[PDB]
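One chain is shown next in structure tokens, namely the form deposited in one PDB entry.
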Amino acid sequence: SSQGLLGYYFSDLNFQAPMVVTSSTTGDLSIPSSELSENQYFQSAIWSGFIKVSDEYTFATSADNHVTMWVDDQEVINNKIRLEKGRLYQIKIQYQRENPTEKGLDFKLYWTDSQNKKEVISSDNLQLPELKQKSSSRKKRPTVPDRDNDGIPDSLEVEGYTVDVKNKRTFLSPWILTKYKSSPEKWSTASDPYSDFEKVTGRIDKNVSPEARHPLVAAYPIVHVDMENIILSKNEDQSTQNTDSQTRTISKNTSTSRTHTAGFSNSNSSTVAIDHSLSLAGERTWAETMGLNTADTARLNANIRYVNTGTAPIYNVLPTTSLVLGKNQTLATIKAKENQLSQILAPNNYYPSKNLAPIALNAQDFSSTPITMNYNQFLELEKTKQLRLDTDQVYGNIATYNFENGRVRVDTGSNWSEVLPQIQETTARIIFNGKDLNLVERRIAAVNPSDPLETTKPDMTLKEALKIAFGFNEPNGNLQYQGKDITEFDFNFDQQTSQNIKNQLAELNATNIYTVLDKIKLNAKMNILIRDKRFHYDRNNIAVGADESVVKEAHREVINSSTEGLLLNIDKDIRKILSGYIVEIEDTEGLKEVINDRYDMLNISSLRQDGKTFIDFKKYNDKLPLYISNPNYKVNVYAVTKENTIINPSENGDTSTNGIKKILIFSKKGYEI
């Protein structure tokens, strides 16, 4: 159904002005007018492909007077020819007719066998041309200019084309739907493993991201590891003979973010934050809790998933990951067995899938290496409550389209490691956080003025890149991402990119980038980082806070209040930058009673299934509503942002909230509750 002969239909008599490129599954090579105005008249056509059958055959068409046909460079129409089973023969057909009186083309290709049965050639017999960068049994190729052999004529790639689905196939036509342009000299304009033609005609792995079906958007995996929770325990040692002692482990939830530190690194990394909120009774040190003496060792287990935030899937190799304490203390290497993956790792997805159990670093597996820390490393983890996961870019084999059989299959001859460098060298990179404040990278084909091949690509503007790579749209004068104007996001660039864009702005006599996005041209190797302006970002470009005015405004909508808590509607992005809340009762003279007065007791908010947030005053008040002794006392509630969050007791041991920088978000007298 994606298989057959490939046809080019031209409005002129001499194969210069292709109006339609499309394939036919059978010898019926017609395009009726209903699938198509002054240029619906076709004066020439070329069809290309292969035939596979053992007999003497006679070829004929419905217009033999206007046709030349070759079977492997032997002219068969301008004859019984012998064809053998199990063999592939090249087919080329040319058709020319001056001043046709009907629109479209009625054209059929027949053959007659030695029992004199004549019929339109069936689908089982016809195959597409080998539109690849190398020949396979099937070579590549009255020549349509097609310098890169992807199947799209030079002129269309340069001038602009559209693809439309008509019944059961794709018509590729000149632009007068999405307007495509691509390099006529790059089989894959994004330097990825899928051709410009494969992409736009759907002859491609169904798991490739929708946006990466544009020839100007790169299709490649981007993988990091998400750690969901951790369990720490004292290692057994040769000196301790008895193993029957009580459970003394520390179990914590963890939050992991993919990071970016703009920059030039194509490295994968994620940073893990270990929850500091109360989980065990007492206020013990981690050593005290687990009974670690100064000569003991501890180990760590965790649950993880791999995340693919890129645009193409992985099939047979997961990348290797280092788990790192502090700057460079590697605690573990995490690997998966090659060629034994339980599933695909698709774009915008996880491995294992979220409907399945995550992976335990030490699986309930005789050979799993313990993830051990010495005593000083353990104390460092307790202090920092951070780990890092550095993942390589080793992604294995690629599922490619095969023109012989019209199937996509993992090709042991094709490997992501042969493609990534060229993608990185020839594209502009944009990292955007508009999807839930998580950093998502895309790469867009962009000219490199210094590399002659890369100058054969279309100009990529900043506006178009944002539209095609991230789905920005323009409904009514103004570029937007899911309702949010582009002006709600900032632009940051690496040093070279910044100078380039500065010089462009100067050349345009433009002082504001947001009003000339359609005029700013991207170049290969640019790095652009675009972040939601509402937020404060750490050195990893993780959102960790927001200005007080933003935070206050975000808590203005109170549904209900009582001595039990607050019920509010709070934007999802704002919730992401808080560690918790502090509740206080303020008496008439201005003295304050802090109710949950501990750095590990701020986790009092929860998101209900109706999407509203409840801030629970009872949780750390011994399960009791607030006692307000005089109705003129105030109940004050403060938000604590991540960047302001205390994760350890103070140097002198104080576990209270004294001196924590907090933002007042609710204040009402007792009689107002």
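One-based numbering along the sequence shown. We call the rigid core the largest set of C-alpha positions that still match within 1.5 Å between the two forms.
Note that the form deposited in another entry isn't included here; everything after this is about it.
With the rigid core aligned between this form and the one not shown, only one of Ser450, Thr412, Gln241, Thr515 has a CA shift of 2 Å or more: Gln241. In a rigid-core overlay of the protein, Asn348 has its C-alpha displaced by under 2 Å between this form and the one not shown. Taking 2 Å as the criterion, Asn253 does not count as shifted between this form and the one not shown: its C-alpha moves by less than this amount when the rigid core is aligned.
With a cut-off of 2 Å and the rigid core superposed, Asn303 has a Cα displacement that falls short of the cut-off between this form and the one not shown.
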